[PDB]
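Beneath this line is the structure, given in structure tokens, with notes to follow.
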Amino acid sequence: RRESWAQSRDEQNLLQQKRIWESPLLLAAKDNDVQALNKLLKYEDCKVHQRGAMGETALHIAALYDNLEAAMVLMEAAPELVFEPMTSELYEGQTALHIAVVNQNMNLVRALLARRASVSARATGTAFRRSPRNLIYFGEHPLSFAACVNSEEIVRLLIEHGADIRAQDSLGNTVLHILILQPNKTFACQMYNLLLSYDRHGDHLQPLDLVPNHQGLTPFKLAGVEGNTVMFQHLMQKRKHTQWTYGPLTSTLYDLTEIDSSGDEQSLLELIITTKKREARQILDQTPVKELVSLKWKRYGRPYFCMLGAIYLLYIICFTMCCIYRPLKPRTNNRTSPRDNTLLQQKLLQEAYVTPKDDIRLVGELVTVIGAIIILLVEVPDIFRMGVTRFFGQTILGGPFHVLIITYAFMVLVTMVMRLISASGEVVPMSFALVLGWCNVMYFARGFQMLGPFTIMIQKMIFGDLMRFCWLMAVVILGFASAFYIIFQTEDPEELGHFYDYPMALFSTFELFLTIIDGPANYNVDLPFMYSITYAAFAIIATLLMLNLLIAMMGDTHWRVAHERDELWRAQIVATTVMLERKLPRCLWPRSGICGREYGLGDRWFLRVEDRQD
Amino acid sequence: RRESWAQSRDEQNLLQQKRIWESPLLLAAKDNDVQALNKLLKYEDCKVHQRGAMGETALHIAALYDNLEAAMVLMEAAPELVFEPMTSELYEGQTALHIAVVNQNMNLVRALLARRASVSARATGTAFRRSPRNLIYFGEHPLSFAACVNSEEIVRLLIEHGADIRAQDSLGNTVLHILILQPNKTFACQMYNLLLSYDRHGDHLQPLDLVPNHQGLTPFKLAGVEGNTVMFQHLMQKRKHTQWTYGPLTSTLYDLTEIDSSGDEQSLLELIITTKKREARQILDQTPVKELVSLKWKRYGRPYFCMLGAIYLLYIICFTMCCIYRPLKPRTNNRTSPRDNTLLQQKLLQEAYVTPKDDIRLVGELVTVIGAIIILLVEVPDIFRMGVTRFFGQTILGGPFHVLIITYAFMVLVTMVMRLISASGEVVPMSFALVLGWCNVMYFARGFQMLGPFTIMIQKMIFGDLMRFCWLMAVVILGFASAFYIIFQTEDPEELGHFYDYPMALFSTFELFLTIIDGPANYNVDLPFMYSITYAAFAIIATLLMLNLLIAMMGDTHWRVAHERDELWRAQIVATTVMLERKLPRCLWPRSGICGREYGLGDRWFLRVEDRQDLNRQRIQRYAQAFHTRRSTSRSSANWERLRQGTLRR
Amino acid sequence: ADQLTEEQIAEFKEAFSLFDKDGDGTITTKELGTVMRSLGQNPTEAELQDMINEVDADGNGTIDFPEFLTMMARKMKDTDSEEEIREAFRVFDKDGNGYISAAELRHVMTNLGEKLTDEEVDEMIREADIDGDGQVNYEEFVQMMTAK
Ligand SMILES: CC(C)CCC[C@@H](C)[C@H]1CC[C@H]2[C@@H]3CC=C4C[C@@H](OC(=O)CCC(=O)O)CC[C@]4(C)[C@H]3CC[C@]12C
Ligand SMILES: CC(C)CCC[C@@H](C)[C@H]1CC[C@H]2[C@@H]3CC=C4C[C@@H](OC(=O)CCC(=O)O)CC[C@]4(C)[C@H]3CC[C@]12C
Ligand SMILES: CC(C)CCC[C@@H](C)[C@H]1CC[C@H]2[C@@H]3CC=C4C[C@@H](OC(=O)CCC(=O)O)CC[C@]4(C)[C@H]3CC[C@]12C
Ligand SMILES: CC(C)CCC[C@@H](C)[C@H]1CC[C@H]2[C@@H]3CC=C4C[C@@H](OC(=O)CCC(=O)O)CC[C@]4(C)[C@H]3CC[C@]12C
Ligand SMILES: CC(C)CCC[C@@H](C)[C@H]1CC[C@H]2[C@@H]3CC=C4C[C@@H](O)CC[C@]4(C)[C@H]3CC[C@]12C
Ligand SMILES: CC(C)CCC[C@@H](C)[C@H]1CC[C@H]2[C@@H]3CC=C4C[C@@H](O)CC[C@]4(C)[C@H]3CC[C@]12C
Ligand SMILES: CC(C)CCC[C@@H](C)[C@H]1CC[C@H]2[C@@H]3CC=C4C[C@@H](O)CC[C@]4(C)[C@H]3CC[C@]12C
Ligand SMILES: [Ca+2]
Ligand SMILES: [Ca+2]
Ligand SMILES: [Ca+2]
Ligand SMILES: [Ca+2]
Ligand SMILES: [Ca+2]
């Protein structure tokens, strides 16, 4: 697992410093050395196309290593170096105007545009694409370089020389898309005003803040996915509208034309719940969003989710009582496989659908089999199209309730098949189907505020505080159950039969680890001497040490992530409201907001709110 | 035997004071008394070489009590007064020039150098040697004193009057070693730069910041072992070789000629891990060393630590199934020991490998004996070399997993003996060798970040809040176990047999402490009346009081040491990578970094780190304008005032 | 500069660090102009010569750290504090560098009980930090212990 990309850059970054030292003009270009430049440029053995490691020339070195006096000599002598991009794979197409802008100013940006630089170039090299492999994502264009380093004097200077205000990039990110996802959120706001102000064209055509990138996201909705909260409240200053101000009581109208899911497009409430960044979910507590989440949920989100929880609750009772009242006949075979080790006295029947009690039960299987098909035709065609167990298998990655309800309906049909062709033991699909089928009532405990943030803590305590504990449980019990087995092996099994064979020894020792049996103690016969020593050490790495450490570890974590488990619950209301918005039919479901036609604002929906500010 | 030392130093300091008052010139020297020194020194019987309780003359008392006016009188009258070091087993060597230096300011130090002073005077006594002893370690030579008292005017005044900037100590420490282990780190940096300025490129073969002490240890490696984070960041600025600055993106080039694990020279990562002084582990979070260990772990450190975590795990299963399928033979005589005290019905075979199933085990048993010797040939040469148990006070006390894996390979070669000489008690060494064998799987849980800081916490409970509990458990279960025994000594042990033997009565009372059995109850025979009282007290102060307090101890500790364990885990990645780099050959482990032959930088290995630095215009505005010449807050601010009166009232 | 404590020297040394972009202790006239351009304002290449030759007492054109340190005594900030606060900072500051850390405030809160989570400790610094580094100065600590 060697990072060969890390070596391949480091083998080249040292190679560039080599090529400058073994070259007379490049070393003179690293420093100023204007006495050394004028000597070499006179003799006609210059080789001004001396091409370095990262495809650089004497003009790229004079601009990267800042030397204004060297670059004046190079442009005056050979002015054809201005029209020269680099050719190496990391820095493709990066001109001399690109480098002199990232050094935040020069007089060279006056001087390069004097001798006809390219204001519209393409820095399409692999060290400029956004990745966890490049420290910067400045874009590709020179006005995208100057806007990200917060240089107003250069941004005003490139439009005057013919910058393109709306030039997209390889990912389709325009200049307004890039400023949002820069790490300095405050100074991005100051450039965001200056960039939009210099458009003012009648050639709008989804003008400058309504132009999407290649994945479809607008500038406003890109702040939704990424998580730039400081950019988000600045974007809402153009959507809102003040209505009246009566004392300390103002009323505004927000514009729900890019937040609310109409019926077809992927809106901002949908894009937050699909992404996985933790900085993306402070947008659920902003001033147009925390009402629209609540007003869908109080009005038409909670009662539809309690009726959909009460149908599933009466569904699983009709699955329980067809497992309580199974067709089950007495045993036909003679026992004869030692009664010293046998208890079985019933057998499965083949055709018991004759009594009127079974005809009432035959309704009960027909309810729970049809219900198992309706599950597999509303959720399994989701993982068909969206992603092969990974993209909509983010629920196979987090929030595991999708996997359980499939596994329930997968094993009602195995219970159907083993009934039809009359196979061997039917208890095996049923025993999963009950414990799977009832533990999805815990899905319907996210609407109730009492039970909401507690179902979070059964998830975050089973994927990292009980899961890391069981790797050092199976280390311990494999040590002791193999130790307790070989002690009680040259010994009588009918009395103290905790360890008579090795699969049982793994299950007696697992029970002593948790104190869910008593302990092997059989006074009136004498146990061997080595047992009381090795059980005393298994009385300590045990109940005493590694069961009270798990109380402290679950007790430590339960107040560390307590701010998070609340705001992880409020994102399980948005995850459910929008889910019922697209799976239920449109007919019940009024659209959230006040239309702007009958009063006259347009066709856009709206939502008003009142507040005191004193 | 050792506390007479603290007395005998305090005997001398009072005996020094008594010799002052019973002397005419010394009492005159303790105060100014400039009328009295001219009165006394015109006499004849006045011993100006008067030795006090340590060797003090009149000029030392004039200097230690900083009487410069009394000092001028004595230098005129006594010629050999800049000379004469002290004699006693305390302060030796120390002349009047040292004392004028240590007081951070004197005009005497300009005066004594005029009067032919003595700057080679090794102040070597029992009061100038670093130890859990004397509160100061300033050095030996007068330049070493003037350096570590923050005296910028005196060090310039010493080198002009013929000093020595290079001369070592008894410990072998130079001047620049002494500056590192002072407790005032940021004033040591300014004196560090000054003492190199007067080196003036000596031809002395690695000039003075490469010279080792008697241990053999450069000044750069002395900031690392001791724990100087301030000095280590300062000493690194000579190493970096910064390449280019593409706007807000730099690319430095560090020098791994002393940091990275070199050959047989003990590198800097091998000296931090084998050292105490917890501040030394702060160096492992520094800008060349954090990026070095992470690039030695992701690449070559983790995939080799899993291929040893899987060979060992297939070794224990090969050893487990040779214990499960061990030879047993049925009981011979016929239950000769009497009934109700004998239930064993097998015994162990003398020598019987004659079946095809045993030759499969004979393959498996030879694997775990060959593997047992290999364990004792890679770690026992450290207990062959560094002592058996008396000279070996290092690795027993340092690493817990060293002991468990030597014990494992000892128990296998006990079973190798007992299988060949045909003994009886083989169920005992295989009882150790399995629990010891499977609990070294806990060793291979430090590379996995999930399981890493959990095994850190377990060894801080065993040697912590469980042996703080096991002493006040053994008090209780020796009291009550002797109480439950004597009550049921006069009873019938056939419906309640938990207490019929005092080894047994220790065993049932220990289980009732942990509630890992039920409890003595019959419900058919009326029990002794004293049992219902003394078990009711034992039910409260075991199950309700002392066990729920042990949850409160492990729950208080776990949120207190909760960022130390993430410091202890990342220091065991370094302890693993250094060990894996040594014992594995060089053919599998490439040396980390980029060489300097083909890139033309020398023979030294480099490491390139690039970092998008920063902004904060507001900071650099404050300094360039000097250059320019002609709600959660309510929760947080509440936490500041709870610190505020919490600090100003203490 | 005859009165400078360990705190302001540890602040000025880090202030010398980000201002110097070649790793040594020499401020060139060029690398002073690198920072000045990043302030938006432009140099004139004689203003750079003006500010260097103002205080270059040895006469090399490269501002060493002692000549940098006595320069900040000329352009001094102030000296007004309390003797108990300066001692209280050196108790908190473990590794003697004139800065408190995120792990150096979780230590102080743990000794006072107080049961702090990792989130509020980073929220304490955002009200303490002035210049915006996530690292409390001495002047940022004096400003909080008596003022707000
Ligand atoms: C024969 C008759 C009685 C059938 C009755 C219908 C119900 C038994 C089933 C049929 C389809 C089921 C629904 C299918 C899809 C889902 C989505 C499912 O979501 C997940 O699995 C997790 C996704 C997430 O993480 O949000 C939650 C249960 C629910 C509402 C199910 C609730 C129970 C329903 C209505
Ligand atoms: C016969 C066949 C199966 C080959 C058997 C060889 C391996 C199964 C054994 C023999 C040598 C063992 C290694 C010998 C030395 C060490 C170092 C040892 O390190 C410590 O205990 C350090 C503890 C600390 O630093 O605190 C941990 C076990 C380990 C990796 C051992 C792992 C298992 C190994 C590779
Ligand atoms: C040092 C570690 C393991 C913890 C120390 C805790 C002690 C308070 C515990 C653990 C070890 C225990 C001892 C381990 C060995 C024995 C011998 C054993 O006595 C028998 O031989 C019982 C007879 C039988 O088992 O049939 C049980 C009691 C006793 C003294 C135990 C009493 C309680 C002890 C001292
Ligand atoms: C602050 C106070 C109230 C502490 C609470 C403790 C009580 C709830 C417990 C502690 C001691 C217990 C007593 C311990 C001893 C006995 C004697 C016991 O024996 C008999 O009297 C029966 C005689 C026989 O067994 O033959 C009956 C229960 C009793 C009163 C127990 C009843 C419950 C008591 C009072
Ligand atoms: C093996 C058979 C017999 C029993 C099945 C039990 C296992 C597979 C099931 C039953 C109970 C289930 C858990 C119950 C509820 C939750 C809370 C939720 O927020 C995350 C998933 C989680 C943690 C489930 C994970 C899967 C689970 C552990
Ligand atoms: C007496 C025989 C029969 C069995 C006794 C086993 C005892 C002595 C052994 C086996 C398991 C061992 C523990 C297993 C795990 C750890 C965690 C490690 O980080 C420190 C050592 C420590 C705490 C071990 C200490 C010693 C230990 C308790
Ligand atoms: C009734 C007989 C048989 C047993 C009753 C035990 C009672 C009376 C005795 C035995 C153990 C004793 C306790 C043991 C330990 C402590 C802690 C110590 O810091 C103060 C005394 C105190 C709190 C004791 C109080 C009295 C006590 C509870
Ligand atoms: Ca019980
Ligand atoms: Ca410079
Ligand atoms: Ca200078
Ligand atoms: Ca600090
Ligand atoms: Ca700060």
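Numbering of chain B is taken from Swiss-Prot, so the residues present carry the numbers 65-694, 726-745, in order.
This deposition comes from electron microscopy, 3.4 Å.
Just so you know, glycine gets a Cβ as well, placed from its N, Cα and C.
Annotated features in Swiss-Prot:
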REPEAT    B:84-114  repeat 'ANK 1'
REPEAT    B:118-147  repeat 'ANK 2'
REGION    B:133-143  region 'Interaction with calmodulin'
REPEAT    B:156-185  repeat 'ANK 3'
REPEAT    B:202-231  repeat 'ANK 4'
REPEAT    B:235-277  repeat 'ANK 5'
REPEAT    B:279-308  repeat 'ANK 6'
TRANSMEM  B:368-388  transmembrane segment
TRANSMEM  B:426-448  transmembrane segment
TRANSMEM  B:464-483  transmembrane segment
TOPO_DOM  B:484-489  topological domain 'Extracellular'
TRANSMEM  B:490-509  transmembrane segment
TRANSMEM  B:530-552  transmembrane segment
TOPO_DOM  B:553-565  topological domain 'Extracellular'
TOPO_DOM  B:586-596  topological domain 'Extracellular'
TRANSMEM  B:597-617  transmembrane segment
MOD_RES   B:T742  phosphothreonine
Cβ neighbour count (within 10 Å, all chains shown) around B:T742 (phosphothreonine): 17
Do any residues of this chain, six or more beyond the ends of the transmembrane segment (B:368-388), have a C-beta under 8 angstroms from a C-beta of it, and if so which? 425, 428-429, 431-432, 435, 476, 494, 497-498, 501-502, 504-505, 508, 511, 640, 644, 648, 652
Going by DSSP, is B:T742 (phosphothreonine) part of a helix, a strand, or coil? helix
Taking residues 6+ outside the topological domain 'Extracellular' (B:586-596), which of them lie with a CB under 8 Å of any CB in it? 548, 551-552, 555, 559-560
Close approaches to the repeat 'ANK 6' (B:279-308) from elsewhere in its chain (Cβ under 8 angstroms; 6 or more beyond its ends): 236, 238, 240-241, 244-245, 249-250, 252-253, 256, 273, 314-319, 322, 332, 335-336, 339, 341-344, 346-347, 350-352, 665, 670, 672
Residue numbers, six or more beyond the limits of the region 'Interaction with calmodulin' (B:133-143), whose CB comes under 8 Å of its CB atoms: 92-93, 95-98, 101-102, 105, 112, 121-123, 126-127, 172, 175-176, 179
Against which stretches of its own chain does the transmembrane segment (B:464-483) lie, if we need a Cβ under 8 Å and a gap of at least six residues from its ends? 383, 432-433, 436-437, 439-440, 443-444, 447, 489-490, 493-494, 496-497, 500-501, 503-504, 506-507, 523
Could you put numbers on the helix, strand and coil content of the repeat 'ANK 6' (B:279-308), residue by residue per DSSP? 15 helix, 1 strand, 14 coil
Within-chain partners of the topological domain 'Extracellular' (B:484-489) [C-beta distance under 8 Å, separation at least 6 from its ends]: 412, 414-415
Which residues of the same chain, at least 6 past either end of the topological domain 'Extracellular' (B:553-565), have a Cβ under 8 Å from a Cβ in it? 572, 584-586, 588-589, 591-592
